[PDB]
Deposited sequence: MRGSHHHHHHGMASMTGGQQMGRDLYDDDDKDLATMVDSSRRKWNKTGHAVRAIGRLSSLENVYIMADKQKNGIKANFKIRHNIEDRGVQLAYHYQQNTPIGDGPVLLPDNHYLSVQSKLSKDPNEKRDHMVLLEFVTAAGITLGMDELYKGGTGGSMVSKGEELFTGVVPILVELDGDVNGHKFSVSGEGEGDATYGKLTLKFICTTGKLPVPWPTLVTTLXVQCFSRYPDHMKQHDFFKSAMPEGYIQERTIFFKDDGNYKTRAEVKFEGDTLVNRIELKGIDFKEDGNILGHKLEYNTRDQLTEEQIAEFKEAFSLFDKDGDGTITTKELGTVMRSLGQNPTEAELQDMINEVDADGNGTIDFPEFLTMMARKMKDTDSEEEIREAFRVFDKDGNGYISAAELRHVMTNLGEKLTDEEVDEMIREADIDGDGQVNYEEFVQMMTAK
């Protein structure tokens, strides 16, 4: 049928994911007696395209009491942005889940986070001289890494898109699994708290410099932030409000079933989890040729439970996130070059066969030709970049 495109499409999408770095990477910073962090955020642009935001982060304790300095690991975020239909003001309702991972198979401040903690957020900002203030409130549940908050823009209309402020607007609320509790800097510095500093680069546009104090005041965890933006284009995605607000949907029974079909290409023994050896097989037959260390690495990107293998659920989660976010054109080109083997700019009937045969799928010519026939918008008997993009959505 045509669901041969979706299958192998998603299989290339998956290797795309396992090759990139989408998490919050955290490292010791001994000099500053703290941590450093870096990560990339993808903001969907209205209709097509992505606006990427590269983050650099630094945290320093406010007090003198000993702190935990972690081995490298990451946080994994799931954000949901919504509207309060009763809210007249410019606002953002936020639901967020955050888990630590990245290390395969316990401080005094960790005690302060065992129940539900109230949160207050206070931001003053200035982007290209357009000043604004955001006020926020809600709760945090470190037990499940859960955050629920509502933010009001107290100065009227917010001059930047709400999504762009999510990372600035309390990582002490992340769930650290049992085996990684010695690595939780954030809770370790409570109640006195930390300074959190960031520079955020919006590609082809300006940057935010942020500084925040995160500490307890009485029984509330408070985040007080100042933000400065410069070099922004007034017609760009930020100042021009061209960024999608709504967290793209949930998942069809139809979509889940497609991700399962891809999953089975990797899970060749049908045991419900993907090994390094299984990942390798698919990649070699796809032309690439990675080391045992890379495979451990790619798997570690998505290995929620740290067992060294991608479990079926872990795989769904991974795919759900990869479908919610848009790939950059660089990334889509790489997906193309997997097919366009000679690199002429076009996927030939012959090239498409070569790939499928290798993926473990014998298919007749009318079969192959039909796939080609399906994607062929103009009708040159091949698939070019523009045709490919439209058939990878």
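Asker: Can you list the gaps, in order, where the deposited sequence has no modelled residues?
Answerer: Seq positions lacking coordinates: 1-39, 145-158, 223, 448-449.
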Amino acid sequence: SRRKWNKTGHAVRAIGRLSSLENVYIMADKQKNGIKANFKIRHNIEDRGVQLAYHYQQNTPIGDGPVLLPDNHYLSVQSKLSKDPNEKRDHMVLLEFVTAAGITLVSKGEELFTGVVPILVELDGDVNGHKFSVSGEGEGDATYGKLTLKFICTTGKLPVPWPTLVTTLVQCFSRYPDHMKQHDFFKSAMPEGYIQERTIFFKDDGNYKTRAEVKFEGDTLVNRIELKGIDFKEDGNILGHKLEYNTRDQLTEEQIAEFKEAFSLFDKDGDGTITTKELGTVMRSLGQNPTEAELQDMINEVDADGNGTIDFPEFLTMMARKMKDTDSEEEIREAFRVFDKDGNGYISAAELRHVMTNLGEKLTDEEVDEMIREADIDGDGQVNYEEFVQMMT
From here on, numbers count along this sequence of modelled residues.
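Asker: Can you let me know which of the two, 243-251 or 316-324, has the higher average C-alpha B-factor in the entry?
Answerer: It is 243-251 that shows the higher mean C-alpha B-factor.
Asker: Which has higher Cα B-factors on average according to the PDB entry: 226-234 or 283-291?
Answerer: It is 283-291.
Asker: What's the residue among 68, 363, 45, 27 with the greatest CA temperature factor in the PDB record?
Answerer: When the deposited C-alpha B-factors of 68, 363, 45, 27 are compared, 363 is largest.
Asker: Among 51, 38, 357, 33, which residue carries the highest C-alpha B-factor recorded in the PDB entry?
Answerer: Answer, based on the entry's C-alpha B-factors: 357.
Asker: In terms of the CA temperature factor given in the entry, to which third of its chain does residue 20 belong: lowest, middle or highest?
Answerer: CA B-factor rank for residue 20: middle third.
Asker: According to the PDB entry, is the CA B factor of residue 183 in the bottom, middle or top third of its chain, that is, lowest, middle or highest?
Answerer: For residue 183, whose C-alpha B-factor we compare with every modelled residue in the chain, the answer is the middle third.
Asker: If you rank the chain by CA B-factor, which third does residue 122 end up in: lowest, middle or highest?
Answerer: Its C-alpha B-factor, which the entry lists for residue 122, ranks in the middle third among residues of this chain.
Asker: Going by the recorded CA B-factors, say which third of the chain residue 162 sits in, lowest, middle or highest.
Answerer: Lowest third, going by the recorded CA B-factors of the chain.
Asker: Report the third (lowest, middle or highest) to which the CA temperature factor of residue 257 belongs, ranking only the modelled residues of the same chain.
Answerer: Answer is highest: the recorded C-alpha B-factor places it there.
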